[PDB]
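Colleague: First the structure, which I've put down as structure tokens, then a few questions once you've had a look.
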Amino acid sequence: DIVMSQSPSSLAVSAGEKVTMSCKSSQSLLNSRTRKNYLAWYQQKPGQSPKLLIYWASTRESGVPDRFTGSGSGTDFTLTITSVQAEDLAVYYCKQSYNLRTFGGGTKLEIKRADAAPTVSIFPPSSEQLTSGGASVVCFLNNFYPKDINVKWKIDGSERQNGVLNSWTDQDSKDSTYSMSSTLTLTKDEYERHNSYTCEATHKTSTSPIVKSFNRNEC
Amino acid sequence: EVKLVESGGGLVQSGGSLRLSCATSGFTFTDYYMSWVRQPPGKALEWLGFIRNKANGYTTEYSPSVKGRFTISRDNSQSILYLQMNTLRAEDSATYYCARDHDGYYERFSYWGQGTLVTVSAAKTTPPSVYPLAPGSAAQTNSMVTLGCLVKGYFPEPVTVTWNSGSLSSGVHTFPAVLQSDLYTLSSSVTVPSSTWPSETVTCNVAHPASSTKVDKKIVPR
Ligand SMILES: [Mg+2]
Ligand SMILES: [Mg+2]
Ligand SMILES: [Zn+2]
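Sequence order for the protein chains is A and B. Quick note on this note's numbering: the first sequence kicks off at 22 and runs consecutively. Quick note on this note's numbering: the second sequence kicks off at 125 and runs consecutively.
Now the structure itself:
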């Protein structure tokens, strides 16, 4: 069967710059009769379904920006994006249609941008969760860059790491930032045995941690 | 207009059998080849096989990894496409997409469904508990406010989150589920103008297909 190899695994550029990515098949996708190369390129934005961008190696499907152009013939193909836009954050896949079908491993395209500090907000456990005997303290870290960032929870001034679940979002398609979610989970009794709750975020953007917190008895 | 909708995904044990569907409309079904493609979480697309059009005898072709294990059929009167999966395994856990395909000879446009997620494991199906995240009794910070929803303790994925039935999209961050034991927990945040909340209604709508559950939780100030 036809194997499709894509290079590089991932790319990264600032908005406006140009990128190219490679796709090679184990055999020629050029049909001697139709004079067409059965090679297509797809774009898959996060949370989305793949979208056909180009077919027959060079033809752009109606609706696709001129900034996307495909070249190559035979075994070696290339996808070029003239002026990368922020919405282009995606994994691009080539697919051969010569004999049956097969996808390449894909090329991920990340967007570089200027540094951004996270906007931090902390939320106490809801009254509803408490009745179920549990107690989650949530902390959202929104729109920061780069993705590297550390979160430290503190309860009554002392650090804590037991029941912490972290989750990073894909890069934002509008502003190229990242967001993260941190959840400190306790039982109802523990949460109520302590009084101060803190979420601390350390990011390249400052040597001083962005600090957010609350007191169980605030008013 | 041309719609491809997959269903039948969900939970299943090893060795088990599952049948997926892909209902269509907006085009004359009989004239097209149909393909099935899958994708394990965070991995590459993978073609599974296709079923040809009428003019080609509705015959089939599959990829090795599914040889003699998966079957593709089509209901030409209902315009539905199926994928019979048998003797399932962990590596089969993935999102399954149907797509309209063809001889690449006709000048066509491509369409894919949103996909259905198949999870393979022996864990039990569990509905989520949906909790509102309102700001602490403490003081605010600026003319904008961040609210949230903690979708906790469900299995398996996925769970879909919208705010005010999708009318509140801009300014919404839904975080990927995190697996802790046999349960998934995720959260979603929405930032809106202080002039909007609590002035108006802000509700997160969470759906859990595996358990056929839907929860609408209103965020009201503590
Ligand atoms: Mg493949
Ligand atoms: Mg955003
Ligand atoms: Zn304690």
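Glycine included, C-beta positions come from ideal geometry on N, C-alpha and C.
Under the three-state reduction of DSSP, which class applies to B/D155: helix, strand or coil?
Modeller: Your numbering for residue 155 of chain B matches position 31 in the second sequence. Helix.
Colleague: Indicate whether at least one CB of chain A lies closer than 9 Å to the CB of B/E185.
Modeller: Residue mapping note: residue 185 of chain B aligns to position 61 of the second sequence, counting from 1. Closer than 9 Å: yes.
Colleague: Between B/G260 and the rest of its own chain, which residues show a CB-CB distance below 6 Å, the 5 nearest in sequence each way excluded?
Modeller: For the purposes of this step, residue 260 of chain B is taken as the residue at position 136 of the second sequence. Closer than 6 Å at Cβ, skipping near neighbours: no residue.
Colleague: Chain A beta carbons: is any one of them nearer than 9 Å to that of B/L205?
Modeller: The residue you call residue 205 of chain B lines up with position 81 of the second sequence. So, not an interface residue.
Colleague: Have a look at A/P146, A/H224, A/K116, A/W189 and flag the residue whose alpha-carbon is nearest the alpha-carbon of A/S26.
Modeller: Taking the first residue of the first sequence as 1, we reach residue 26 of chain A at position 5. For the residues A/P146, A/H224, A/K116, A/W189, the minimum Cα distance to A/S26 belongs to A/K116.
Colleague: Are any of the Cβ atoms in chain B nearer than 9 Å to that of A/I143?
Modeller: For this step, residue 143 of chain A is matched to residue 122 along the first sequence. Yes, A/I143 lies at the interface with chain B (some Cβ there is under 9 Å from its Cβ).
Colleague: Using a Cβ-based criterion (distance less than 8 Å to any ligand heavy atom), does A/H224 qualify as near ligand 3?
Modeller: Taking the first residue of the first sequence as position 1, residue 224 of chain A is located at position 203. For ligand 3, not one heavy atom lies less than 8 Å from the Cβ of A/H224.
Colleague: A/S147: buried (16+ other C-beta within 10 angstroms of its C-beta) or exposed?
Modeller: The count along the first sequence starts at 1 and reaches residue 147 of chain A at position 126. That one is buried.
Colleague: Rounded to whole angstroms, what is the Cα-Cα separation between B/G150 and A/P86?
Modeller: Counted from its first residue, the second sequence places residue 150 of chain B at position 26. Counted from its first residue, the first sequence places residue 86 of chain A at position 65. Their backbone Cα atoms lie some 25 Å apart in a straight line.
Colleague: Within a Cβ cutoff of 6 Å, which residues of the same chain sit near B/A301, ignoring the five residues on either side of it in sequence?
Modeller: Residue 301 of chain B sits at position 177 when you count from the first residue of the second sequence. Hits under 6 Å: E281, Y308, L310.
Colleague: Is any heavy atom in ligand 5 found nearer than 8 Å to the beta carbon of B/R193?
Modeller: By its list of ligands, the structure shown excludes ligand 5, since it contains just ligand 1, ligand 2 and ligand 3.
Colleague: The stretch 235-257 of chain B: which residues have C-beta closer than 8 Å to a C-beta of chain A, in chain order?
Modeller: So the list reads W236, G237, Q238, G239, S253, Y255, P256, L257, given in the order they occur along the chain.
Colleague: Just mark B/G139 as buried or exposed, buried being the case when its beta carbon has 16 or more other beta carbons within 10 Å.
Modeller: Residue numbering aside, residue 139 of chain B sits at position 15 when the second sequence is read from its first letter. B/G139 is exposed by the Cβ-count criterion.
Colleague: Considering only residues of the stretch 294-327 of chain B, which uninterrupted beta strand (DSSP E) runs meet the minimum length of 3 residues and lie entirely inside it, listed in chain order?
Modeller: DSSP runs (the beta strand (DSSP E)) wholly in the stretch 294-327 of chain B: 296-298, 302-304, 307-317.
Colleague: How big is the Cα-Cα spacing for B/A214 and A/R214?
Modeller: Counted from its first residue, the second sequence places residue 214 of chain B at position 90. Counted from its first residue, the first sequence places residue 214 of chain A at position 193. Going from the Cα of B/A214 to the Cα of A/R214 covers about 43 Å.
Colleague: Compare the C-beta of B/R193 with all C-beta atoms of chain A and state if any pair is closer than 9 Å.
Modeller: Against the second sequence, residue 193 of chain B aligns to sequence position 69. Not closer than 9 Å to any Cβ of chain A, the Cβ of B/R193 fails to qualify, so no.
Colleague: For the alpha helix (DSSP H) that B/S335 lies in, which residues bound it at each end?
Modeller: As a working note, residue 335 of chain B is residue 211 in the second sequence. Premise fails: B/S335 is in no alpha helix (DSSP H) and is neither H nor E.
Colleague: Please list, in chain order, all residues of the same chain as A/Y212 whose beta carbon is under 8 Å from its beta carbon, the five residues on each side excluded.
Modeller: Along the first sequence, one-based indexing puts residue 212 of chain A at 191. So the qualifying residues of the chain are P146, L151, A156, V158, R237.
Colleague: Pop quiz: A/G178 and A/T206 are said to be a contact at Cβ under 8 Å. What is the actual Cβ separation, rounded to whole angstroms?
Modeller: Against the first sequence, residue 178 of chain A aligns to sequence position 157. Against the first sequence, residue 206 of chain A aligns to sequence position 185. The Cβ separation is near 20 Å, so there is no contact.
Colleague: Quick check on DSSP: helix, strand or coil for A/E213?
Modeller: Here residue 213 of chain A corresponds to residue number 192 of the first sequence, with the count starting at 1. The answer is helix: DSSP assigns A/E213 an H, G or I state.
Colleague: Pull up the distance between the alpha-carbon of A/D210 and that of A/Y218, whole angstroms please.
Modeller: For the purposes of this step, residue 210 of chain A is identified with residue 189 of the first sequence, where counting begins at 1. For the purposes of this step, residue 218 of chain A is identified with residue 197 of the first sequence, where counting begins at 1. Those two C-alpha atoms are separated by around 15 Å.
Colleague: Please find out if some non-hydrogen atom of ligand 2 comes closer than 8 Å to the beta-carbon of A/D193.
Modeller: Taking the first residue of the first sequence as position 1, residue 193 of chain A is located at position 172. Under cutoff, so the answer is yes.
Colleague: What residue does the alpha helix (DSSP H) around A/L151 start on, and which one ends it?
Modeller: On the first sequence, position 130 is the one that residue 151 of chain A refers to. First-last of the alpha helix (DSSP H) with A/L151: 148-152.
Colleague: Compare the C-beta of B/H332 with all C-beta atoms of chain A and state if any pair is closer than 9 Å.
Modeller: The count along the second sequence starts at 1 and reaches residue 332 of chain B at position 208. No, because no Cβ of chain A sits closer than 9 Å to the Cβ of B/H332.
Colleague: Can you give me the start and stop residues for the beta strand (DSSP E) that B/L212 sits inside?
Modeller: Reading the second sequence from its first residue, position 88 is the one you call residue 212 of chain B. That residue, B/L212, is in no beta strand (DSSP E); it is neither H nor E in DSSP.
Colleague: Under 8 Å: does the beta carbon of A/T123 sit that close to some heavy atom of ligand 1?
Modeller: In the first sequence, counting from the first residue as 1, residue 123 of chain A sits at position 102. Within the cutoff, so yes.
Colleague: Given that a residue counts as buried once 16 or more other Cβ atoms are within 10 Å of its Cβ, and exposed if not, what is B/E130?
Modeller: The residue given as residue 130 of chain B occupies position 6 in the second sequence. B/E130 should be labelled buried.
Colleague: Which class does B/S138 belong to by DSSP, given the choice of helix, strand or coil?
Modeller: Sequence index remark: in the second sequence, residue 138 of chain B carries index 14 (1-based). Here B/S138 sits in coil by DSSP.
Colleague: Can you have a look at A/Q192 and say buried or exposed, based on whether 16 or more other CB atoms are within 10 angstroms of its CB?
Modeller: The residue given as residue 192 of chain A occupies position 171 in the first sequence. Classification for A/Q192: buried.
Colleague: Quick one, which residues of the stretch 147-177 of chain A are near chain B if we go by CB-CB under 9 Å, in chain order?
Modeller: So the list reads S147, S148, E149, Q150, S153, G155, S157, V159, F161, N163, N164, given in the order they occur along the chain.
Colleague: Judging by CA-CA distance, which residue of A/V34, A/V232, A/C240 is the nearest neighbour of A/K129?
Modeller: Taking the first residue of the first sequence as position 1, residue 129 of chain A is located at position 108. Measuring from the Cα of A/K129, the nearest candidate turns out to be A/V34.
Colleague: Check B/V190 in the structure and name its three-state DSSP category.
Modeller: The residue you call residue 190 of chain B lines up with position 66 of the second sequence. Helix.
Colleague: Counting only Cβ-Cβ distances shorter than 7 Å, please list the residues of the stretch 260-272 of chain B near chain A, keeping chain order.
Modeller: For the stretch 260-272 of chain B, which is checked against every Cβ of chain A, the residues closer than 7 Å are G260, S261, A262, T270, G272.
Colleague: Check for me: the beta strand (DSSP E) holding A/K233 runs from which residue to which?
Modeller: Counting from 1 along the first sequence, the entry for residue 233 of chain A is found at position 212. 231-236 is the span of the beta strand (DSSP E), which, as asked, contains A/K233.
Colleague: Kindly identify the DSSP beta-bridge partner or partners of residue 114 of chain B.
Modeller: Residue 114 of chain B is absent from the model: chain B starts at 125 and stops at 346.
Colleague: Grab the span of the beta strand (DSSP E) containing B/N200 for me, first residue to last.
Modeller: Along the second sequence, read from residue 1 onward, the residue named residue 200 of chain B stands at position 76. It is not in any beta strand (DSSP E) - B/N200 carries neither H nor E in the DSSP assignment.
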